[PDB]
C-alpha cells in the first residue's frame, strides 16, 4: 500500500546470495540460495563456501550475508525504506570492528534480478590476529539476538 516496492514482498520471494571475500589475504567465495517472506519477517538460506574451507567462522559473516525481508507491521509500513527502494534496490555498506581484532568492510547491492531478490557482496578484512577468535576459529556455531537501530 505505501510504496510500490512493498507490493513485491507480499508472498515468498526467492533469494540468491553471492559473496567474494578477502580477509588478511585469505580469499574465499560464498554462494547461497533460499527464500524470504516479509509478511512473516522470515528468511532462510543455505550458504556454501565455494572455494573450499571458509577461512573465517561462519557466524562472522551472518550480518553480511536482507533487511528488505523485515516484517514492517501496521503503521511501520510508512517507515520501510528497504522495500520502497525496490526493484532497483539499494547499496548496503558496512564497517564491522571486531573488539581487539581486525575489521570487515563490505559493499553489497540488494536488488531484484527478474523475480529473484539478489544480494551481491564484496568483503575485505584486515589486521586480524592469526590466533585471535576469527582466524583462529574460536567462535561457537550459533547466534544470539540483536536490535539494529535505524536512523535517516
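Residue numbers count along the first chain shown, from 1.
- The modelled chain breaks between residue 65 and residue 66, where 1 to 3 residues of the deposited sequence lack coordinates.
- Look at the C-alpha B-factors of 127 to 135 and of 12 to 20. On average they run higher in 127 to 135.
- Averaged over Cα atoms, the B-factor as recorded in the entry is higher for 96 to 104 than for the other of 96 to 104 and 79 to 87.
- Residue-level inspection of the entry shows that, of 60, 116, 51, 119, 116 has the top Cα B-factor.
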